[PDB]
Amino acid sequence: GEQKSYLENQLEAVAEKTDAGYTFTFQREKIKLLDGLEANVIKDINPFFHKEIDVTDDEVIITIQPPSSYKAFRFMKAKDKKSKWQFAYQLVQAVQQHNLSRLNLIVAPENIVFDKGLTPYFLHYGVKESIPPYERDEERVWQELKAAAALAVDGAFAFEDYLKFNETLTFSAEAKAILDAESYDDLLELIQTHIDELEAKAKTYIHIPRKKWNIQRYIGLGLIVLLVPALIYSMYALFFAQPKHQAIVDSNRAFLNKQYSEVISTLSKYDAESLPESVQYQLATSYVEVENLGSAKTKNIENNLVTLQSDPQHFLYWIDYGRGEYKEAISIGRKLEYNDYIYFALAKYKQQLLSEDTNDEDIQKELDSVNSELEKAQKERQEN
């Protein structure tokens, strides 16, 4: 199924690409050479293109060899949109600027080659009443031009789709604009606005080598993963660690001045286990002092139970008792096996539970646990 191209069907010629150049072979019957020149006029358009004409008793072979750097139309499809619209602007201009009277155009893709400057060139030209296209056909050339421009810019369909079946196929917005042009200046203005819009868009863009762009991105992301711990630590050091140091300085100053109530208020927002053992000692002796027990009872606690060399559990007991945390202090008293710590905290816990209503079944169960231990220790301490 050797299906022929548009150029081949229109001229009734075989178009091929050999090492010698582009071949356009016609039948002698369809070529009228009435002068002596043998279609010598075709060499007057692109003198830089090597042009040969072979006339035999039954065939006419035209050979066009453009410079090696010139590429066939098919190589436009892979270029960028800016280049496509520049090629289409220059393709319309080359058709519009054609003035050679004896030479007739055929705007087909198989007939176009372009240079490094994206300028299009036609390989085969018809000769007036000699080589097809025999006569000028402005309407045929106009429709060929809009289909070639649409094929080069859109590229969604083949040249014959844009050219012949135009009122049947759902074309692109860019291709419909090209194919619906009513004049050369209208199409040139349509193409110019697309070039102008692309050039304007490109001006608002920066072009960075991917390696440089990527290293700047990892630098920026590295700054973020370094700023989140530095900010979080700074917040802790400024709003938690620094005011704790000043509180430890202030509570240690108030302790030396026997201002036991001031030590309590200065360290009131801190948990006993967060404070150092020496600070725990000072807070516990301050709670013991503020408790206002007997002179002899206080003397027993301060030099036998809550000393700088005693179990830090003794400090935790008096801080819990001093902060109204009796259920917590009772557990500490049970751990140290000190029955006086258990009984003295159980008595205060009973009053704390008694302040709560007698309609909370959890409070009544806890109050029944306390009352049983207080009546057990009273009969034991009074006998032995």
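Don't overthink the numbering: it's just position in the shown sequence, from 1.
- For the pair 83-91 and 222-230, the mean Cα B-factor is higher in 222-230.
- Annotation for 161-169 versus 113-121: the higher mean temperature factor (C-alpha) is found in 161-169.
- Ranking 179, 284, 195, 105 by Cα temperature factor from the entry places 179 first.
- Annotation for residue 250: CA B-factor lies in the lowest third of the chain's modelled residues.
- Per-chain ranking of the deposited C-alpha B factor places residue 333 in the highest third.
- Residue 349 sits in the middle third of its chain by CA B factor, as recorded in the PDB entry.
- In the deposited entry, the Cα temperature factor of residue 289 sits in the bottom third of values across the chain's modelled residues.
- Among the modelled residues of its chain, residue 65 has a C-alpha B-factor that falls in the middle third according to the deposited record.
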